[PDB]
Amino acid sequence: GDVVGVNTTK
Amino acid sequence: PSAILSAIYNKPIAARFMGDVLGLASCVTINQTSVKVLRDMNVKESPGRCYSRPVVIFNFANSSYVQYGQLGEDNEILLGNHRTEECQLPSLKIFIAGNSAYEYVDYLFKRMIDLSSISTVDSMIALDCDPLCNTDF
Amino acid sequence: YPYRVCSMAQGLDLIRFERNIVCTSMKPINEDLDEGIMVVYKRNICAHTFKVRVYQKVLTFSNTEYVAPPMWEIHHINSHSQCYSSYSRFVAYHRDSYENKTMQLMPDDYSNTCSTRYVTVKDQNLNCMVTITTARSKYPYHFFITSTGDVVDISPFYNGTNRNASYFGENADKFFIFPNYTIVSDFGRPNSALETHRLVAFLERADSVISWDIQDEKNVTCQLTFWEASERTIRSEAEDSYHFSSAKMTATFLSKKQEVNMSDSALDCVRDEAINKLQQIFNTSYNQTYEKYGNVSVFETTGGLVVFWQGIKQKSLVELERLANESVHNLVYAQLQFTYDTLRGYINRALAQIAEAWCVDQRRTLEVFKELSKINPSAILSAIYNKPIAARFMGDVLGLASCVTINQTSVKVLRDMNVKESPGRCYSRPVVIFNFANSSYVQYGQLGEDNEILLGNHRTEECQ
Amino acid sequence: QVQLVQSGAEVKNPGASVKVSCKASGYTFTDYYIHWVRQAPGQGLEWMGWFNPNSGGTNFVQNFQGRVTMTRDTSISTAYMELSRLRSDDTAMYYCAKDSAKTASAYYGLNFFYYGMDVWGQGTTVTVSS
Amino acid sequence: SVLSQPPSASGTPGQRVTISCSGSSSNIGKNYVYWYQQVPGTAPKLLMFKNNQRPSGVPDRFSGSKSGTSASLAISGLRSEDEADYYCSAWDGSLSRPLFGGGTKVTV
Amino acid sequence: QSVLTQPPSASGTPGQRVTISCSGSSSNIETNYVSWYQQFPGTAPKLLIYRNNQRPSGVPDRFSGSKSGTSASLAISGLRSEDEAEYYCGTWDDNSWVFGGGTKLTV
Amino acid sequence: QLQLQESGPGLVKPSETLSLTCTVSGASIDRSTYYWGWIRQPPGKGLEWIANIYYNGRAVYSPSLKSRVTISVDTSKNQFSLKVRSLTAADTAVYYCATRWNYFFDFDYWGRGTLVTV
Ligand SMILES: *[C@@H]1O[C@H](CO)[C@@H](O[C@@H]2O[C@H](CO)[C@@H](O[C@@H]3O[C@H](CO)[C@@H](O)[C@H](O)[C@@H]3O)[C@H](O)[C@H]2NC(C)=O)[C@H](O)[C@H]1NC(C)=O
Ligand SMILES: *[C@@H]1O[C@H](CO)[C@@H](O[C@@H]2O[C@H](CO)[C@@H](O)[C@H](O)[C@H]2NC(C)=O)[C@H](O)[C@H]1NC(C)=O
Ligand SMILES: *[C@@H]1O[C@H](CO)[C@@H](O[C@@H]2O[C@H](CO)[C@@H](O)[C@H](O)[C@H]2NC(C)=O)[C@H](O)[C@H]1NC(C)=O
Ligand SMILES: *[C@@H]1O[C@H](CO)[C@@H](O)[C@H](O)[C@H]1NC(C)=O
Ligand SMILES: *[C@@H]1O[C@H](CO)[C@@H](O)[C@H](O)[C@H]1NC(C)=O
Ligand SMILES: *[C@@H]1O[C@H](CO)[C@@H](O)[C@H](O)[C@H]1NC(C)=O
Ligand SMILES: *[C@@H]1O[C@H](CO)[C@@H](O)[C@H](O)[C@H]1NC(C)=O
Ligand SMILES: *[C@@H]1O[C@H](CO)[C@@H](O)[C@H](O)[C@H]1NC(C)=O
């Protein structure tokens, strides 16, 4: 099973 | 080497250790929405060994073949030989990716953690908060 | 550094390194810098700590069931410092007894400076127990965690008439606020001085009853903590920035030129202190040679700090000389003052540049600290905060740990560092026998640094 | 869009009082300082003063400090400036303007500072004659 | 303290005209200079905020510049709608007050 | 139910002290806590005294509650034009809530 | 912020049943909410408490209206309802939805009165 990442800019 | 060279040059730099030299590395941006972190950090293929950092499923840009790497720091995805260690139970690790933190208890994913619940070290001011006292238990 | 065992606070007191040092070099070489006194306060992140009481009864058949004493028995405990010898749900008594007599609470000598404990039967069957202990609540104070690890979803400042400005999330039928509640000073004393508390709140847990004294938030909690006062502060003015530098400090502050309303409620718990601190620095340092320029100005630094500023201007050289002791002489003194002011502005500009020179070094050393904290977080955090701090590595965060002082005379170091249970493996640091305070069971740990005693999996290596 | 609306033309007599209204739209009324400016017929702009809709703070030039009363209504999001003791030279066009300076920060209330009147009202003509 | 600027300016379509504004060690010396237009019979309009930045809906004809205790607005192309009053404003810290200029009437 | 007896009207001049009574019964008003609500015509009631003699935050000191045996009292001191309202005494009788008849006040 | 709004019908026949429903906003009808009750007020006369209900459905009625008044709760929709049966002209009243929110208070939060004309 999985869990979902979150974006970042730099 | 990457963190040290990034501190020296004040820019994100990736480097690898090569004995008496460092090799500079170039980074390929991936999908950024295909990053799935696995819940079980225990190495199923070898009992007694556990992953140091959580395993990630990701996809390259304009591509569909799912790739398996390991989560690094500063949202970096690691490839090659996965970092492993001894499963020193009890365990409680917290790994940060993006704006999110993942708790792993006994090398199994427990919950999400709000980043606001974790204080940041302030070297300039350096004011400390006392932790919860212990009672000979 | 007493002999101690440091254990991590259940994963709760987390801390992490972040790249929060930002360096912005000021461009203009403008030399009319202001001088003044500065005090800097930091946002209070530490959790508010308050005392709570935990009432329990203990049933043993070693299963050790904990149960909530009835509320009337709680009132008996709070008023007479006594507890009744029975519990009913059908009925149980102390070993081989039926008396339902009253019992006098006495101190448990096994208890510490946290969770000071009182029992009716000193048997360290049925027992009655009252623990007095700490509890922490972070802003917003909508819930608190007691030192025993129980979490309560009630604001420590909910006084029964302000649920709109507080929080209450526990069961309504199990919560009771009592005006002017009378509690004894010490449960372990046969006769103690009773004390009335305005509002005392009780909550009936499953295995416990938790009580705490409700207080006024604005009166007990302050969101700003005094960091440091600088007596010799210089300030350079940009088009939309004030930049504060101090010769004794390696940190410079940057803010907008718009000021904070000093008559704001969020400054109520630090206003007088800061004002008096400024006044003290003036009286002891600048009362004779300088004069106050303007009023006290409050600024909010880009990094989140709060700055109280008092500008100071040195008296004219004529006045300074008179304290140390015609038109042409006025011109001579005007030229002397102009020369003095020009060279003093040059000096202040140089000092500001010197103060700015520290930022890159501080940022690089911060990265050094972050890298080294993975190997020895306790030593690095102790170096940063200049106090003995114990920490544990938890992946991308560090956990703060609390240390329990042990006997200090029971520490016996073993002579053989070879792991007898596994040939070919040797201990990294010598094994120690030690005893906890007021205790006799010998414990086996490993010797650490700074007299620390380590527990858990012993550090091992190859017998080279 | 961010907009300010002002009351219509008004004619009074020397010694009366004029309550000019300023209605805000498209933005939070109490989040920005309000400027009050005046221009005589055929003359340049004259800055009368500033008003804080978040706290009622007000500061005016000495020519208007004792003669200007500031009120507000956050429900209507409308400020009111009442100029008493009208004189023959008080006939002019009155403007209310919105500053880029905010009345409070994320934690504390902020004092007045000038960051430019980006949004202006329609103006109100006040005539004074015997 | 006051802000001094020429009372009037003139020119022809396609020409460049420049309005100057003078301050002191305070105000323009240490603060931004805001430029407001005003077409006769209408309310003032912010042309330039900060030193040379410009809001949306303002043509590129209007270029602002800052130097020491002085500011300038250059109007290039000087079109038939550019005839109006131009005011310079600055925050004076000694007075703690927004100061306006005298106003320059571009007539084209 | 056992409705608490309360005067149907009361009055006073501006600046005068006005008293509103609430009789009740021993089982209703003598034991349980007494509350007082101020309702202006066309609006929902507003809590004025929550316990026997305790004011919610923001209720003026002009209002004071009291109890004597069964008779509860409200007193309004320095009566104001904006005190023209109906005042209701309310309390429990037997696991049930009961209001008073409501004293309409006129200045 | 315990917003409390009624959703009753304005005109009802002098027969069958008056159904009133009260919706909670800014909070939830949960184990920490004490009681939620209905009060009538005939036009120009005093208030009259009708019934209380708790989050778990445990309800109490006034002695006089217990037979002619039913009360129910729906924590899933954060609502609770009164049904008044065998209506009469004397049931013409403003109906207020109220509750106990703070610990010391009894009826501190009141809804907006629904005038029902029978
Ligand atoms: C041992 O003796 C004590 C008294 O010597 C007994 O305490 C009494 O216990 C009853 C319940 O069993 C209490 O009644 C309770 O009263 C409160 C109001 O005070 C009420 O809210 C409760 O619902 C309940 O009715 C009674 O007050 C209490 N006596 C006191 C406080 O003086 C106890 O029951 C005896 N236990 C055994 C096992 O014999
Ligand atoms: C309970 O706490 C509230 C605040 O949450 C108290 O209300 C304050 O009371 C003081 C003293 O009367 C006033 O100056 C404040 O303005 C009030 N603030 C608010 C937000 O209400 C209240 O008085 C406390 N109640 C009791 C019974 O102690
Ligand atoms: C700073 O805050 C204070 C309140 O904390 C403001 O004081 C108010 O000022 C207005 C105008 O004079 C009065 O009507 C209010 O009664 C004052 N309030 C209090 C609590 O005293 C003050 O004006 C604020 N300053 C600015 C510049 O906004
Ligand atoms: C990136 O991932 C998203 C979510 O799975 C997908 O919709 C998108 O097509 C991907 N983009 C690529 C593979 O270029
Ligand atoms: C608590 O004591 C104070 C001081 O005697 C008193 O004013 C207050 O009314 C008491 N509490 C209650 C609920 O009456
Ligand atoms: C400093 O002296 C002033 C009077 O000159 C006095 O008001 C102030 O309180 C003093 N501050 C101290 C003693 O900290
Ligand atoms: C400083 O405070 C005084 C009142 O104590 C006030 O008169 C004065 O104007 C203030 N300073 C400035 C620069 O406005
Ligand atoms: C600490 O150790 C000494 C030496 O063994 C012993 O006499 C003393 O009783 C101990 N104190 C305790 C266990 O509190």
# chains A, B, ... in the order shown; residues from 1 in each chain; ligands from 1
$ interface_residues --of "chain B" --to "chain C" --cutoff "10 Å" --atoms "only C-alpha atoms" --output "ChimeraX atom specification"
/B:3-4,6-10,52-53,72-73,88-97,101-104,115,117-137
$ residues_near_ligand --ligand "ligand 7" --cutoff "9 Å" --atoms "only C-alpha atoms and all ligand atoms" --output "PyMOL selection string"
(chain C and resi 293-296) or (chain E and resi 93-96)
$ residues_near_ligand --ligand "ligand 6" --cutoff "6 Å" --atoms "only C-alpha atoms and all ligand atoms" --output "ChimeraX atom specification"
/C:276,279-280,283
$ write_last_selection --atoms "C-alpha atoms" --output "PDB file, in the first residue's frame"
ATOM      1  CA  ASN C 276      11.490  49.100  31.837  1.00  0.00           C
ATOM      2  CA  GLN C 279      14.657  52.570  30.668  1.00  0.00           C
ATOM      3  CA  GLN C 280      17.156  50.632  32.723  1.00  0.00           C
ATOM      4  CA  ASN C 283      19.694  55.042  33.182  1.00  0.00           C
TER       5      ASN C 283
END
$ residues_near_ligand --ligand "ligand 3" --cutoff "6 Å" --atoms "only C-alpha atoms and all ligand atoms" --output "PyMOL selection string"
(chain C and resi 261+263-264) or (chain D and resi 52+55-58+111-112)
$ closest_atom_pairs --of "chain D" --to "chain E" --cutoff "7 Å" --atoms "only C-alpha atoms" --output "tab-separated table"
residue	atom	partner	partner_atom	distance
D:44	CA	E:103	CA	6.1
D:45	CA	E:100	CA	7.0
D:114	CA	E:91	CA	5.9
D:116	CA	E:34	CA	6.2
D:117	CA	E:46	CA	6.9
D:118	CA	E:46	CA	5.4
D:120	CA	E:44	CA	6.8
D:122	CA	E:43	CA	6.1
D:123	CA	E:43	CA	6.6
$ closest_atom_pairs --of "chain F" --to "chain C" --cutoff "10 Å" --atoms "only C-alpha atoms" --output "tab-separated table"
residue	atom	partner	partner_atom	distance
F:50	CA	C:161	CA	9.6
F:56	CA	C:161	CA	7.2
F:57	CA	C:161	CA	7.8
$ residues_near_ligand --ligand "ligand 5" --cutoff "12 Å" --atoms "only C-alpha atoms and all ligand atoms" --output "PyMOL selection string"
(chain C and resi 159-161+177-182+196-200) or (chain F and resi 33+49-56+64-66) or (chain G and resi 104)
